[PDB]
Each structure stands twice: as C-alpha cells, then as structure tokens.
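Only one chain is given next, in structure tokens, and it is the form deposited in one PDB entry.
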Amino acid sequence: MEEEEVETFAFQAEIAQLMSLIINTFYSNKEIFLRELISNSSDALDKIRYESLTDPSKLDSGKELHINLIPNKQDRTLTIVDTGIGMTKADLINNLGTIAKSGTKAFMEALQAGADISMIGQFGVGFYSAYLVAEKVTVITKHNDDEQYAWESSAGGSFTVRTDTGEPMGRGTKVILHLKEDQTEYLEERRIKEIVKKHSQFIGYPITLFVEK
C-alpha cells in the first residue's frame, strides 16, 4: 500500500472571505478567469526569461517558453500549462493562500462595495478568478530549486499541498480547472478562441490550443 504525505492548510481569513465573495456572487464577465491565468503564465515566463539573461543554466530544465491550453470534456477540466519559472514549496504555500498580500484586502473590500470582477488582476489576486468557473483547482508546479508539488483546493477555506505523483514537468506550472456543471462552455474550441482573441492577443509567448476531436 503506497503512502503519500499531505499537508492541509487553512486559507488566510481575508483570502477565504475573498474566495467566498467570488464563489457566492454572480458576476457577468466570468471569462476573464482565462485572461488572468494566461497573464500569470506570461509573467512566469518573463521571470525565467530575464533570469536566463545572466544565468543560462536556469534553462537546463527546459529552453522552450510557451503556454498550452488543454480542454477535456470527459474530465470536465480546462488545463493551462506553461514553462515559466514555477514555484518552490515555500513560494507555493506563501503565494497560494497563507498570506494576504496588499491587494487582497483592497479588492475584497471593493467587491463588498459592489465593484465588478474585471480588475481582479490589477489587485494581484487574479488567480482566484478561477473560482468563478471551477469548483476545484489543482496547481502542479516545478521550480529549478525544488521538487514537483501539487496544490489543490475546492475552496471551503482550505487547501492541500503534496509532492506530485502525476506526469513530470521539467519546469513550469500547470493549472487544472475542474469546471462547474454550468460553465462547460469553456471546454469549447470556439469559446476558448473568442476569449484568447479578446483578452490575450498581445501575449508575447506562443499559445497552443489542443482541440478535442
């Protein structure tokens, strides 16, 4: 019998409250979740690109800088993969739930005052827009300085971190969105193309879309 170690964490209370606002409030422009995730991937790709200017050995783990979009109707998942800088275990725990960075409180309060969801990325909490369309999010990441980890949350105030048992990545991050039953439009080629063309036209890395037969 295989034994796997899991670490469970509570979201920092303001992040939990922001997540509750995103999950329990209707917002009309939900499609921006994809812009936010592609933006995070592009930022991660910039970090490894700029670091590689003085240290080419940082690309030993992979020299291609790109993004893949993978919908899967059977699993009801939309996956965004990049070959960006990735996150170490510390980065993952620090940035994906235990610390409310400046932006979290300001945006949470802006949403409580009736603001739209559109500017979420400006407040540095764009990742959490995944919860407009997903009931569960899994983040797989690999940084040069560490092992491959899997973060996962179905909201409800908690998340888990474990060393990943899935397919290997040389370096980068994979965000797997387990879509809500009424948000399956985001598995459609036409809808994904619409959103990429509307919101991510100027992304400086190539995006490959895998279209299901």
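Rigid core: the largest C-alpha set superposing within 1.5 Å between the two forms. When you see a residue number, it is the position in the sequence shown, counting from 1.
J.: Could you check the entry and say whether 161-169 or 145-153 has the higher mean CA B-factor?
T.: Per the PDB record, 161-169.
J.: Tell me which stretch has the larger mean Cα B-factor in this entry, 188-196 or 21-29.
T.: Taking the mean B-factor of the alpha carbons in each, 21-29 is higher.
J.: Highest Cα B-factor in the deposition, which of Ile85, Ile120, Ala100, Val137?
T.: Reading the PDB entry, the winner on C-alpha B-factor is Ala100.
J.: Just to confirm, going by the entry's C-alpha B-factors, which of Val133, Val125, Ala113, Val81 comes out highest?
T.: Spelled out: the listed residue with the top C-alpha B-factor is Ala113.
J.: Could you look up the Cα B-factor of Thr77 in the entry and say which third of the chain it sits in: lowest, middle or highest?
T.: Tercile = middle for this residue's CA B-factor.
J.: Would you mind checking where the Cα B-factor of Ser52 ranks among the modelled residues of its chain, as the lowest, middle or highest third?
T.: Middle third of the chain for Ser52's C-alpha B-factor.
J.: If you rank the chain by CA B-factor, which third does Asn94 end up in: lowest, middle or highest?
T.: Its C-alpha B-factor belongs to the middle third of this chain's values.
J.: Relative to the other modelled residues in the chain, which third contains the C-alpha temperature factor of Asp182: lowest, middle or highest?
T.: Answer is highest: the recorded C-alpha B-factor places it there.
J.: For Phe9, does the deposited CA B-factor place it in the lowest, middle or highest third of the chain?
T.: For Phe9, the deposited C-alpha B-factor lands in the middle third.
Just so it is clear, the following notes concern the form deposited in another entry, a form of the same protein that is not shown.
J.: Just one of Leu96, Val81, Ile140, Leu78 has a CA that shifts 2 Å or more between the shown form and the other one on a core fit; which is it?
T.: The displaced C-alpha is that of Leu96.
J.: With a threshold of 2 Å on the C-alpha, tell me if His199 counts as moved between the shown form and the other one once the core is superposed.
T.: Yes, because once the rigid core is superposed, the C-alpha of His199 moves 2 Å or more between the shown form and the other one.
J.: What happens to the Cα distance from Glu185 to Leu96 in the other entry: does it get closer or farther than here, with a change of 3 angstroms or more?
T.: Result: farther.
J.: Which way does the C-alpha gap of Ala100 and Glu36 go in the other entry, closer or farther, given it changes by 3 angstroms or more?
T.: Here the pair is farther apart than in the other entry; there, closer.
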